[PDB]
Amino acid sequence: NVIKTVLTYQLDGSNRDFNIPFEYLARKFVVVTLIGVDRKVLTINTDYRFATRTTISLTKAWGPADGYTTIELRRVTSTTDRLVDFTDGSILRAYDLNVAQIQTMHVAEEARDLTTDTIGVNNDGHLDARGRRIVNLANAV
Amino acid sequence: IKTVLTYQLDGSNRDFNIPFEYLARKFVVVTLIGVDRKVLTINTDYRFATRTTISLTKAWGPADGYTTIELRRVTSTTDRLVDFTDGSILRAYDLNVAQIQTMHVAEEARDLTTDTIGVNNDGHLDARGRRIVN
Amino acid sequence: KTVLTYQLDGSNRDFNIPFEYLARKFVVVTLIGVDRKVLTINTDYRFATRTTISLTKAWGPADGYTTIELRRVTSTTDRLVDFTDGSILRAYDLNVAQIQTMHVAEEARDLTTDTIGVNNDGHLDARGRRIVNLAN
Amino acid sequence: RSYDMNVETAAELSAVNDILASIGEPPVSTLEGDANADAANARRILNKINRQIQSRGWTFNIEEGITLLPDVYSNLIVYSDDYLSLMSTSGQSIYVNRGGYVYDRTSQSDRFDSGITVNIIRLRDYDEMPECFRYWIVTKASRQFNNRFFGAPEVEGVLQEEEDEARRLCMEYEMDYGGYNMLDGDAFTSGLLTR
Amino acid sequence: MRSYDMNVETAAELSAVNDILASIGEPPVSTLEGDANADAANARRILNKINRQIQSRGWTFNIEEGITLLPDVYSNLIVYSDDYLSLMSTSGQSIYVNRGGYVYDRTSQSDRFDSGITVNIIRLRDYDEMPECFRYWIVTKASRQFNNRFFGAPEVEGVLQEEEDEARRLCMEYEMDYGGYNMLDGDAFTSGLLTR
Amino acid sequence: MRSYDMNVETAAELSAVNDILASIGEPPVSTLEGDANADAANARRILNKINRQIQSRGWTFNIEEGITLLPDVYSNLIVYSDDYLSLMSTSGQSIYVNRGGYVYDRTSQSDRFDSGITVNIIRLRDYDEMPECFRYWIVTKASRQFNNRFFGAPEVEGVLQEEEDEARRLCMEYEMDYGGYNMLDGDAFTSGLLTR
Amino acid sequence: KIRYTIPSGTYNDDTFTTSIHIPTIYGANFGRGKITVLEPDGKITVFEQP
């Protein structure tokens, strides 16, 4: 039910450190986007930093004055590019087997957490749009 | 075939069948659906009478405030049942369980239609008496 | 993408398969008419190549079925690779073991997006459908 | 190893591997299949120790003022097997287990019109324990595992020392979490301090 | 629980494992990458175990006071990670527990938060991030436990018992020097009593 | 004496027996049903023996005060069952004993009662009905007595002796927490002395 | 144990199976036992007895 791969925090205009609760295999798999009037994606080394493996430090504080109410931390694991590919000559290793298993789990888990990209039931009995517009509704009757 | 299914609640019944395959009992989640949603605990509120059925210690119904019960499979993504350790014998059982566990998560990944709006016969978007927020 | 449709009134049988599939039982072919018709493989379509399906009969908009849907449904219960002790561990078998779960995940990325999804502007793109039964 | 990964490992498998490591055995990669006696024995001792330490009673796990609602028809409150401790909120306790149901010994009744309010300890998972408590559970489980399934006496003296230290750090956690004060936090002395 | 063996080895972690291996007389390994070395793999597991245990005890350098934990805006849940070795209140009796992997207010019986909570938290750090004296104590304690579990030499047990006590003593000296604690003016209660 | 072998096996009783079996290093059994397992049968016999013994000691949770035992209207006999682990008077010196399986008033030298008698009684309870701490003490004491009689390992003896002492201590902590006894206002004598 | 080159016409496309005949392989029939087919790359497929 509750999404574990997409974490979004309120932006107060003075806090620049945000926690990463979910696992990830590469820092590029973590996507930092500021939500507000628009959804602005941030750059790995110019807009933020990995202060620790569980903490993202923004270079600049963002807030409602900047037009961004929330910041979102989302894991996007590569589906076409696998981190481990076995060869007919390679020594089988525990690390390679772990990464292959974990990468498929993240892809499966990210698929199971797609209520973020649709209208799904939140903790309460309410369908959640999660701070974006329902565009192209057009006429109503 | 479905990893999520719901049974209507009456005070007479206490046994509910589990159709799906679960690797661990903690992967099965039992919730009471009414005006309020309540997750039950493994031993105080129910039990596993057999592998494929769950028996509640208490009978529930409209008087208690819950008209339906939901039996859902939630395989753990963070807590993997298999972790390969260096210098350990590579067993085919470990490889198969690692493949099944990630498959179960992906199997539940294609059952989010229940937790979504859904589409009508007319092709509209049917919010089943649910407010849309944010 | 795991779902694609072709509408061909003229005499044509061949439809290129965009998605990768592990087994022929995973590709399911339906006819989207007034009511959907699920077609068996041997009677209705042959795999002329791994990339293309040659659906027997025209099945054109002359019939109600008009367009043809190529859907990938990977089986969760059935695993194409089952590791057995005493068998040579093959890099192919290890690689395809992850792929089957990934394909199921890919098919899930489209089933949820089907009813309602998010467009490239980061907004939920409705298909022009009223939100009925909505509670205030 | 490439990439700056951030991944977790299941704590129960880590706890079991710590128990097998205590007697010098290689770790297992998995805990299911029901064909591994070491997995069955270590996991069973881990649950027993986890159950036993939680039942002792700590500020973080003693839930105060919890209401247990009876059945609407039978008016029976189930006395759960996972109720490690059930007491009254104050004074002498009056509720006992009688046939799996909460029984009021003073009034001699299993029937309750409304929910009772009790001081309850309900069994939690090993994952939900504080890190110091997890170490104490694992250390105590390892010590019990050696006494029952290894039997080496030099391991006993080592794990006896470790459990004593493990319990000490959990006792430090209880006081830091408790924040107990005998002047104003005290139930009786706080009244005596009013001028 | 954080995976110790899934990241690149640091020079200090390589040094620590070889020190643990030396305790029973195993020769040093060049890398922590999988070479089917059961002893090195066992040493790393005990190294991680002792690293978590000593950090969770609590020290001025690693106890973070006044830390805000932010909730998810749409779920109102604050995650209680397994890397939170200790989570307390800033003052008085603590009210937050772990329930299902999320922060739970036991007094209010709620896991929903509209705003961040301020807690006294110990978060797991890398062994590379430990002070030098604390690294020595972790290795000494890991070496002692490693010998007890996988060799059991009683002569090695006695010496590492003395080494750990000395290693813990020097960590206590570090913690007092780092803390700079004063019972007159650095005291919460007595400093108020000193005003004339 | 109540039969321990003749009813359905419960999860706790099965868990208790496997705990007792583990004390000498025996693997767990799936069921308590007769499979010619002498060790499991021996463990269940000691489990029942220890269960009766600790309950008969007397605790606030299991001592029933003011219980009325009713006689048979046509025989005027009150049965003194073997499940009455203790039978006392509510106050002062006790006057009832067991004579031929029936309650006997030793002061009046009669076993005939026209009406119910009020007694402080301990009645045998299932091991399920015991508090978690008391279940652990019963298992720990049964495990110690099982090893003493059927294996006799001296190293196991020493550890189980220490475990029983800890188990009994935690049952004593439960006794006072459950009891909530006060010497000022909860005292039979002092509370009267506190009135001004 | 026998080395067998699979002949033409054994593969059926409507079933996507290459079915080999045991009497063709051995010149003989069999009653009981698991059958293992070993490919040169190491792929093992095991056939349980009907």
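Labels below follow one simple rule: chain letters A, B, ... track the order of the sequence lines, proteins then strands, and each chain is numbered from 1. All heavy atoms count here, side chains included; hydrogens, waters and symmetry mates do not.
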- In terms of side-chain heavy atoms, does B/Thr44 have a donor or acceptor partner in D/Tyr83 at a distance below 3.5 Å? yes

- Polar side-chain atom of B/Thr53 near backbone of B/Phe16 as donor-acceptor pair, under 3.5 Å: yes

- Query: Looking at the rings of D/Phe133 and D/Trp58, which for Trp means the six-membered one, are their centres under 6.0 Å apart?
  - Reply: yes

- Query: Does D/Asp127 offer a backbone N or O that forms a donor-acceptor pair with the side chain of D/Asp125 under 3.5 Å?
  - Reply: no

- Note on the structure: Residues passing the side-chain hydrogen bond (donor to acceptor under 3.5 Å, both in side chains) test with F/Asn62, sequence neighbours excluded, are none

- Query: Would a 4.5 Å heavy-atom cut-off, applied to side chains only, mark B/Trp60 and B/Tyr66 as touching?
  - Reply: yes

- Query: Among side-chain atoms of E/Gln109 and E/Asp105, is any donor-acceptor pair under 3.5 angstrom?
  - Reply: no

- Query: Is D/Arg56 reaching over with its side chain to a backbone N or O of F/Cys133, donor-acceptor style, under 3.5 angstrom?
  - Reply: no

- Message: I'd like to know if the side chain of B/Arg14 reaches the main chain of B/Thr57, judged simply by a donor and an acceptor atom lying under 3.5 Å from each other, with no hydrogens or angles considered.
- Response: yes

- Task: Taking only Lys NZ, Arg NE, NH1 and NH2, and the carboxylate oxygens of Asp or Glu, determine whether F/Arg2 and F/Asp83 approach each other closer than 4.0 Å.
- Result: yes

- With distance as the sole criterion, is a donor-acceptor pair present between the side chains of F/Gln53 and F/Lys141 under 3.5 Å? no

- Query: For the side chain of B/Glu70 and the backbone of B/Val4, is there at least one donor-acceptor N/O pair under 3.5 Å apart?
  - Reply: no

- So, do D/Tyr103 and D/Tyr79 have ring centers that fall under 6.0 Å from each other? no

- Message: Keeping D/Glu174 on the side-chain end and D/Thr59 on the backbone end, is there a donor-acceptor pair under 3.5 Å?
- Response: yes

- Message: Salt bridge or not between B/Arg73 and B/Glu21? Use side-chain N to carboxylate O under 4.0 Å.
- Response: no

- Message: What I want to find out is whether F/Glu164 reaches F/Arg168 closely enough, with some N-O distance under 4.0 Å, to be called a salt bridge.
- Response: no

- Query: Under the 3.5 angstrom rule, does the side chain of D/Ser74 hit a backbone N or O of D/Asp71 as a donor-acceptor pair?
  - Reply: no

- Message: Given B/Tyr7, which partner from the list B/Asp15, B/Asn17, B/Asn13, B/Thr68 fulfils the side chain to side chain contact (heavy atoms under 4.5 Å, CB included) test?
- Response: B/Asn17

- Output the distance between atom CD (F/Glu129) and atom CG (F/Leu124), rounded to the nearest 0.5 Å. 9.0 Å

- Query: Where do F/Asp177 and D/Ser93 come nearest, in terms of heavy atoms and distance?
  - Reply: O-OG, 4.2 Å

Name each donor-acceptor pair under 3.5 Å that joins a side chain in residues 23-43 of chain B to protein atoms two or more places apart or in another chain, with its distance.
none

- Just by modelled atom types, is the D/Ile53 backbone N or O under 3.5 Å from a matching donor or acceptor in the D/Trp136 side chain? no

- Message: Give me the atom names and distance for the closest heavy-atom approach of F/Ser30 to F/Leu14.
- Response: O-CD2, 3.3 Å

- Is any side-chain N of the basic residue among D/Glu63 and E/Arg99 closer than 4.0 Å to the acidic one's carboxylate O? no

